[PDB]
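Undergrad: Provided herewith: upload.cif, mmCIF, C-alpha atoms.
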```cif
data_entry
#
loop_
_atom_site.label_atom_id
_atom_site.label_comp_id
_atom_site.auth_asym_id
_atom_site.auth_seq_id
_atom_site.Cartn_x
_atom_site.Cartn_y
_atom_site.Cartn_z
CA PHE A 51 -112.55 -44.72 -33.85
CA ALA A 52 -110.25 -46.14 -36.57
CA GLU A 53 -111.03 -43.02 -38.67
CA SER A 54 -110.26 -40.57 -35.80
CA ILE A 55 -106.96 -42.30 -34.77
CA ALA A 56 -105.72 -42.59 -38.43
CA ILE A 57 -103.79 -39.26 -38.49
CA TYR A 58 -102.22 -39.89 -35.04
CA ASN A 59 -101.16 -43.35 -36.27
CA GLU A 60 -99.62 -42.00 -39.52
CA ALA A 61 -97.66 -39.31 -37.64
CA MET A 62 -96.22 -41.83 -35.13
CA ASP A 63 -95.12 -44.09 -38.02
CA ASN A 64 -93.29 -41.29 -39.83
CA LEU A 65 -91.45 -40.26 -36.67
CA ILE A 66 -90.68 -43.89 -35.65
CA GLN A 67 -89.13 -44.80 -39.04
CA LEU A 68 -87.03 -41.57 -39.06
CA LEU A 69 -85.95 -41.42 -35.38
CA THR A 70 -85.35 -45.16 -34.72
CA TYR A 71 -83.26 -48.18 -35.81
CA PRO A 72 -83.32 -51.90 -34.80
CA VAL A 73 -80.44 -52.81 -32.45
CA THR A 74 -78.29 -55.82 -33.42
CA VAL A 75 -75.26 -55.18 -31.12
CA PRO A 76 -76.44 -54.53 -27.52
CA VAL A 77 -73.18 -52.87 -26.29
CA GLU A 78 -70.96 -50.27 -28.03
CA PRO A 79 -67.35 -49.23 -27.19
CA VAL A 80 -65.85 -45.73 -27.27
CA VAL A 81 -62.08 -45.26 -26.79
CA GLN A 82 -59.46 -42.60 -25.94
CA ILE A 83 -56.08 -43.34 -27.68
CA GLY A 84 -53.36 -40.65 -27.07
CA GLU A 85 -50.81 -39.38 -29.66
CA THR A 86 -47.07 -39.13 -30.59
CA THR A 87 -44.69 -36.25 -31.64
CA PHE A 88 -41.46 -36.02 -33.64
CA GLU A 89 -38.43 -34.13 -32.34
CA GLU A 90 -35.50 -32.50 -34.18
CA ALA A 91 -32.41 -34.69 -34.77
CA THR A 92 -28.93 -34.20 -33.23
CA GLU A 93 -25.64 -35.53 -34.60
CA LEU A 94 -24.75 -38.03 -31.79
CA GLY A 95 -27.71 -38.58 -29.39
CA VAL A 96 -31.02 -40.45 -29.90
CA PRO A 97 -34.77 -39.53 -29.76
CA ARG A 98 -37.31 -40.24 -26.96
CA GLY A 99 -39.48 -43.42 -27.17
CA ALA A 100 -43.21 -43.75 -28.10
CA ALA B 2 -2.73 -29.49 -41.62
CA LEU B 3 -2.90 -26.44 -39.31
CA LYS B 4 -5.00 -27.04 -36.13
CA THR B 5 -6.67 -29.93 -34.35
CA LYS B 6 -9.96 -29.09 -32.54
CA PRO B 7 -11.83 -30.84 -29.67
CA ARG B 8 -14.24 -33.69 -30.55
CA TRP B 9 -16.19 -36.45 -28.82
CA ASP B 10 -14.29 -39.70 -29.39
CA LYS B 11 -16.58 -41.87 -27.26
CA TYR B 12 -20.12 -40.67 -26.64
CA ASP B 13 -22.80 -43.36 -26.30
CA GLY B 14 -26.15 -41.45 -26.10
CA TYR B 15 -28.21 -43.99 -24.03
CA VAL B 16 -26.43 -43.64 -20.63
CA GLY B 17 -27.64 -40.15 -19.59
CA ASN B 18 -25.70 -38.32 -22.30
CA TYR B 19 -28.70 -36.34 -23.52
CA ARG B 20 -30.29 -34.33 -26.32
CA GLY B 21 -31.58 -30.86 -25.41
CA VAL B 22 -32.26 -27.51 -27.22
CA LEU B 23 -30.15 -24.32 -26.82
CA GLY B 24 -31.62 -21.46 -24.73
CA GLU B 25 -29.39 -18.91 -26.54
CA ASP B 26 -27.21 -18.42 -29.65
CA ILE B 27 -23.68 -19.87 -29.44
CA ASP B 28 -20.94 -17.36 -30.43
CA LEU B 29 -19.11 -18.94 -33.40
CA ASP B 30 -15.80 -17.09 -32.81
CA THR B 31 -15.70 -17.56 -29.03
CA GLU B 32 -17.62 -20.76 -28.15
CA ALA B 33 -17.83 -23.04 -31.24
CA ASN B 34 -15.29 -25.94 -31.50
CA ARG B 35 -14.60 -25.71 -27.72
CA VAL B 36 -15.46 -27.82 -24.66
CA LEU B 37 -18.29 -25.85 -22.99
CA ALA B 38 -19.45 -26.58 -19.45
CA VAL B 39 -23.27 -26.43 -19.54
CA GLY B 40 -26.38 -26.40 -17.38
CA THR B 41 -30.09 -25.86 -18.09
CA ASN B 42 -32.10 -22.63 -17.55
CA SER B 43 -35.56 -22.37 -15.88
CA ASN B 44 -37.05 -23.71 -19.16
CA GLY B 45 -36.00 -27.08 -20.68
CA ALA B 46 -33.03 -25.49 -22.49
CA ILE B 47 -29.22 -25.89 -22.51
CA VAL B 48 -27.17 -22.85 -21.50
CA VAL B 49 -23.43 -22.21 -21.40
CA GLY B 50 -22.34 -21.99 -17.76
CA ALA B 51 -24.52 -22.44 -14.67
CA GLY B 52 -28.25 -22.10 -15.48
CA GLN B 53 -30.90 -22.81 -12.84
CA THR B 54 -29.44 -26.31 -12.12
CA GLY B 55 -25.70 -25.66 -12.02
CA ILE B 56 -23.32 -27.51 -14.41
CA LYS B 57 -24.83 -30.83 -15.63
CA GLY B 58 -22.52 -31.78 -18.53
CA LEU B 59 -20.12 -30.87 -21.36
CA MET B 60 -21.08 -29.71 -24.87
CA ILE B 61 -19.01 -29.41 -28.07
CA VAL B 62 -20.65 -27.26 -30.76
CA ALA B 63 -18.91 -28.76 -33.81
CA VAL B 64 -18.88 -26.21 -36.71
CA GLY B 65 -17.10 -26.36 -40.08
CA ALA B 66 -15.09 -23.55 -41.68
CA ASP B 67 -14.66 -22.25 -45.25
CA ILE B 68 -11.31 -22.77 -47.11
CA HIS B 69 -10.23 -19.32 -45.76
CA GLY B 70 -10.66 -20.49 -42.11
CA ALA B 71 -13.93 -18.76 -41.19
CA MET B 72 -16.86 -20.39 -39.35
CA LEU B 73 -19.97 -21.36 -41.40
CA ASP B 74 -22.78 -18.99 -40.12
CA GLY B 75 -25.95 -20.73 -41.43
CA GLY B 76 -25.63 -23.87 -39.23
CA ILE B 77 -28.58 -25.72 -37.59
CA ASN B 78 -26.91 -26.72 -34.27
CA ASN B 79 -25.89 -23.33 -32.80
CA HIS B 80 -28.87 -20.90 -32.64
CA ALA B 81 -31.47 -20.67 -29.86
CA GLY B 82 -33.95 -23.55 -30.23
CA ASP B 83 -31.56 -25.77 -32.25
CA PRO B 84 -31.07 -29.29 -30.81
CA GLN B 85 -27.70 -30.17 -29.18
CA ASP B 86 -25.89 -33.11 -27.47
CA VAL B 87 -24.62 -32.96 -23.85
CA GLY B 88 -22.26 -35.59 -22.40
CA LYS B 89 -21.81 -36.78 -18.79
CA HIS B 90 -19.84 -39.99 -19.56
CA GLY B 91 -17.39 -40.40 -22.49
CA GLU B 92 -14.05 -39.27 -23.97
CA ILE B 93 -13.08 -36.01 -25.70
CA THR B 94 -9.95 -36.11 -27.91
CA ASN B 95 -7.73 -33.24 -29.07
CA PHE B 96 -8.79 -31.77 -25.69
CA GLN B 97 -7.97 -28.17 -24.72
CA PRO B 98 -9.02 -26.00 -21.74
CA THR B 99 -11.65 -23.32 -22.49
CA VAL B 100 -11.15 -19.59 -21.70
CA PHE B 101 -13.00 -16.44 -22.91
CA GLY B 102 -11.40 -13.15 -23.99
CA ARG B 103 -7.74 -12.21 -23.31
CA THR B 104 -6.09 -11.61 -19.92
CA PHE B 105 -2.76 -9.91 -19.23
CA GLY B 106 -0.64 -9.88 -16.10
CA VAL B 107 1.01 -6.43 -15.77
CA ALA B 108 3.81 -5.98 -13.20
CA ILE B 109 6.06 -2.92 -12.56
CA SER B 110 9.85 -3.18 -12.14
CA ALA B 111 10.20 0.61 -11.59
CA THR B 112 10.27 2.00 -7.98
CA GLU B 113 10.14 5.71 -9.08
CA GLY B 114 8.74 7.79 -12.01
CA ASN B 115 6.49 6.67 -14.92
CA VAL B 116 6.05 3.64 -17.28
CA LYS B 117 4.32 3.04 -20.67
CA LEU B 118 2.15 0.27 -22.18
CA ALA B 119 1.14 -0.27 -25.82
CA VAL B 120 -2.43 -1.24 -26.86
CA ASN B 121 -2.36 -2.84 -30.35
CA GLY B 122 1.15 -1.29 -30.68
CA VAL B 123 0.07 2.37 -30.03
CA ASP B 124 1.48 3.92 -26.83
CA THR B 125 -0.52 4.90 -23.73
CA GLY B 126 -0.22 8.12 -21.70
CA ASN B 127 2.44 7.95 -18.95
CA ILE B 128 1.40 6.13 -15.71
CA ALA B 129 3.20 6.25 -12.34
CA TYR B 130 5.11 3.22 -11.02
CA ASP B 131 2.40 3.59 -8.23
CA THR B 132 -0.78 4.19 -10.38
CA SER B 133 -4.19 3.14 -8.90
CA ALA B 134 -6.12 0.14 -10.40
CA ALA B 135 -8.65 2.92 -11.40
CA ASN B 136 -5.76 4.71 -13.36
CA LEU B 137 -4.51 1.63 -15.33
CA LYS B 138 -8.13 1.49 -16.64
CA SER B 139 -8.18 5.25 -17.35
CA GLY B 140 -4.69 5.20 -18.96
CA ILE B 141 -5.39 2.15 -21.22
CA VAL B 142 -8.82 3.57 -22.30
CA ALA B 143 -7.44 7.05 -23.11
CA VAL B 144 -6.15 6.66 -26.73
CA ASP B 145 -7.98 7.56 -30.03
CA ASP B 146 -8.25 3.77 -31.04
CA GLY B 147 -12.06 3.33 -30.52
CA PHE B 148 -12.14 0.48 -27.91
CA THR B 149 -13.22 2.68 -24.88
CA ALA B 150 -13.84 1.56 -21.24
CA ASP B 151 -16.76 -0.73 -22.20
CA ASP B 152 -14.60 -3.85 -22.99
CA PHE B 153 -11.71 -3.57 -20.44
CA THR B 154 -11.68 -4.77 -16.79
CA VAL B 155 -8.78 -4.03 -14.38
CA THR B 156 -7.95 -5.40 -10.90
CA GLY B 157 -4.78 -5.38 -8.75
CA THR B 158 -2.52 -3.35 -6.39
CA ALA B 159 0.45 -1.12 -7.33
CA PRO B 160 3.21 -3.80 -7.97
CA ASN B 161 0.89 -5.83 -10.30
CA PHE B 162 -2.54 -6.02 -12.04
CA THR B 163 -4.64 -8.21 -14.32
CA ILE B 164 -6.11 -6.51 -17.41
CA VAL B 165 -9.03 -8.79 -18.46
CA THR B 166 -10.93 -8.29 -21.78
CA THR B 167 -14.01 -10.06 -23.39
CA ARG B 168 -12.68 -9.37 -26.93
CA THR B 169 -9.87 -11.25 -28.73
CA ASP B 170 -8.74 -8.34 -31.00
CA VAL B 171 -7.05 -6.20 -28.25
CA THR B 172 -3.43 -6.89 -27.18
CA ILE B 173 -1.62 -5.20 -24.27
CA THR B 174 2.21 -5.08 -24.21
CA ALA B 175 4.91 -3.20 -22.35
CA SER B 176 6.61 -0.44 -24.42
CA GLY B 177 8.53 1.71 -21.90
CA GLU B 178 11.19 0.38 -19.50
CA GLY B 179 10.24 -0.49 -15.89
CA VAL B 180 7.12 -2.64 -16.69
CA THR B 181 6.53 -6.25 -17.85
CA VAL B 182 3.41 -7.83 -19.39
CA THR B 183 2.52 -11.51 -19.92
CA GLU B 184 -0.68 -12.73 -21.52
CA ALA B 185 -1.97 -15.75 -19.60
CA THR B 186 -1.84 -19.10 -21.45
CA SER B 187 -3.77 -22.38 -21.17
CA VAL B 188 -2.82 -25.80 -22.55
CA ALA B 189 -3.86 -29.27 -21.36
CA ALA B 190 -1.56 -31.01 -18.82
CA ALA B 191 -1.35 -34.80 -18.38
CA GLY B 192 -2.74 -36.49 -15.25
CA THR B 193 -4.89 -33.44 -14.26
CA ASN B 194 -8.53 -33.05 -13.02
CA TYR B 195 -10.49 -30.53 -15.21
CA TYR B 196 -13.33 -28.35 -13.76
CA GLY B 197 -16.34 -26.69 -15.36
CA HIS B 198 -17.30 -23.21 -14.08
CA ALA B 199 -20.40 -20.97 -13.94
CA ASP B 200 -18.95 -19.03 -16.95
CA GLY B 201 -18.97 -22.26 -19.02
CA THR B 202 -15.12 -22.42 -19.05
CA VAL B 203 -13.24 -25.70 -18.40
CA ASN B 204 -9.94 -25.27 -16.50
CA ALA B 205 -7.51 -27.23 -14.25
CA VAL B 206 -8.30 -24.95 -11.22
CA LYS B 207 -11.27 -25.35 -8.86
CA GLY B 208 -12.00 -21.90 -7.38
CA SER B 209 -15.21 -21.30 -5.43
CA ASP B 210 -17.59 -22.69 -8.16
CA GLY B 211 -15.65 -25.45 -9.97
CA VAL B 212 -17.62 -28.74 -10.62
CA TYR B 213 -15.48 -31.82 -11.58
CA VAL B 214 -16.10 -32.79 -15.26
CA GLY B 215 -13.31 -35.35 -15.78
CA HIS B 216 -9.60 -36.16 -15.76
CA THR B 217 -7.16 -36.20 -18.67
CA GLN B 218 -4.76 -39.20 -18.86
CA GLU B 219 -2.40 -38.04 -21.68
CA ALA B 220 -2.88 -34.28 -22.22
CA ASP B 221 -4.52 -34.58 -25.70
CA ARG B 222 -7.51 -36.52 -24.15
CA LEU B 223 -10.17 -36.04 -21.44
CA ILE B 224 -12.05 -38.88 -19.75
CA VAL B 225 -15.41 -37.20 -19.04
CA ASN B 226 -17.20 -38.17 -15.82
CA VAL B 227 -19.35 -35.26 -14.66
CA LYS B 228 -19.90 -35.04 -10.86
CA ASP B 229 -23.22 -33.16 -11.48
CA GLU B 230 -23.66 -29.87 -9.56
CA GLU B 231 -26.20 -29.93 -6.67
CA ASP B 232 -28.04 -27.54 -4.31
#
```
How does this structure look as structure tokens?
TA:
Amino acid sequence: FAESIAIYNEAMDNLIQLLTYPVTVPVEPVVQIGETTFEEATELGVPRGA
Amino acid sequence: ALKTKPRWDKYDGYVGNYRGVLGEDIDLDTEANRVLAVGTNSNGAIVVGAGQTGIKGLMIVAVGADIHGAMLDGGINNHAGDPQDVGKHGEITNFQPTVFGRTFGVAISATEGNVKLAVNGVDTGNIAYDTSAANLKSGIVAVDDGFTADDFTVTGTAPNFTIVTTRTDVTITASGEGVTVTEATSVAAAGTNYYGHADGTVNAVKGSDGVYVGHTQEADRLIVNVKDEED
């Protein structure tokens, strides 16, 4: 049977080593940050905060 | 030198004196270097006079002039979409009331016959001592000077009328006997309450639309304290 399984084995290895990686950090963050804008200056008044 | 012109003397900028953007171009001959009563339109934008909100502040569009005394056109604080400063709380020095165009009181001394007015020194057709308000308009329009009906307004009753105008370059006077003409005049008066209007003018008279913008102290100054217009 080790001759008949050999091609199935080789195919599973090539897919495993190309599709997979060993985990070393069990949890991963993803974040949503927001943004800022400039405004045009006036002579006397002041801009909005950020 | 020759003239003083209105300026903010105290304006803080953190106490609800606010930046906005203009909704329209400011007229440099008619609205620059004046105290403009302002609101905001249905967008976020400053307008002269009552917008959607009513009067919410005062604005001074400060503009320089060339050595010949004309306004600098290419400014960045006076076109639609330029940013501008509006004050609710502060002081304006070299204060003057704001009025647009020219306005003339006409009154007739004659009780019989006809009288004559001059427009920029050229004489009008004869008008009765009892002409209609419709026939002061028609008389004043009817000379080969190129102004036409489009920039005169007339209102009154036979003894007297007001000839209003949007332009500054037209002057009415008397020229015949039996009629008198006075151009109206505005100058600041000490110890007076000033009032912004839906036109954007600032005057000592509250009519049916006047919204308190401040009080003067000595005539050359205005203490601004806008009683914001409400629904």
Undergrad: Closest to residue 218 in chain B among B:74, B:152, B:25, B:92, using only C-alpha atoms?
TA: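 Checking each of B:74, B:152, B:25, B:92 against residue 218 in chain B, counting only C-alpha atoms, the winner is B:92.
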Undergrad: Within 6 Å of chain A, which residues of chain B show up? Give each one with its shortest atom-to-atom distance in Å (one decimal) and the two atoms involved, counting only C-alpha atoms, rows by chain then rising residue number, as CSV.
TA:
```
residue,atom,partner,partner_atom,distance
B:14,CA,A:95,CA,4.6
B:20,CA,A:95,CA,5.8
B:84,CA,A:92,CA,5.9
B:85,CA,A:92,CA,5.8
```
Undergrad: Compare B:139, B:167, B:222, B:98 by their minimum atom-to-atom distance to residue 187 in chain B, counting all atoms listed in the file, and give me the closest one.
TA: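 So, comparing all the options, the nearest one is B:98.
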Undergrad: Apply the PyMOL selection byres ((chain B and resi 162) around 10) to the structure shown and report the selected residues as JSON, numbers by chain.
TA: {"B": [105, 106, 107, 108, 109, 133, 134, 137, 155, 156, 157, 158, 159, 160, 161, 163, 164, 165, 182]}
Undergrad: Given the file above and the PyMOL selection byres ((chain A and resi 86) around 10), which residues are selected, and can you give them as a VMD selection string?
TA: chain A and resid 84 to 85 87 to 88 99 to 100
Undergrad: In Å to one decimal, how far is CA of residue 65 in chain A from CA of residue 79 in chain A?
TA: 27.4 Å
Undergrad: Is it possible to get the residues within 12 Å of (-26.0, -29.6, -19.7) (coordinates as in the file, counting all atoms listed in the file) written as a PyMOL selection string?
TA: chain B and resi 17-24+36-42+45-61+85-89+197+199+201+214+227+229-230
Undergrad: Can you pull out every residue within 9 Å of residue 179 in chain B, counting all atoms listed in the file, but drop anything in the same chain fewer than 2 positions away, and send it as a VMD selection string?
TA: chain B and resid 108 to 112 115 to 117 130 175 177 181
Undergrad: Evaluating the PyMOL selection byres ((chain B and resi 215) around 9) on the displayed file yields which residues, as a PyMOL selection string?
TA: chain B and resi 90+193-196+213-214+216-217+223-228
Undergrad: Measure the distance from CA of residue 188 in chain B to CA of residue 202 in chain B in Å and round it to one decimal.
TA: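 Taking CA of residue 188 in chain B and CA of residue 202 in chain B, their separation equals 13.2 Å.
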Undergrad: For a test of reading the model, state the distance in Å between CA of residue 122 in chain B and CA of residue 150 in chain B, rounded to one decimal.
TA: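 Straight-line distance from CA of residue 122 in chain B to CA of residue 150 in chain B works out to 17.9 Å.
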Undergrad: Please determine, counting all atoms listed in the file, which residue among B:174, B:168, B:140, B:94 has the shortest atom-to-atom distance to residue 121 in chain B.
TA: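 Closest to residue 121 in chain B, using all atoms listed in the file: B:174.
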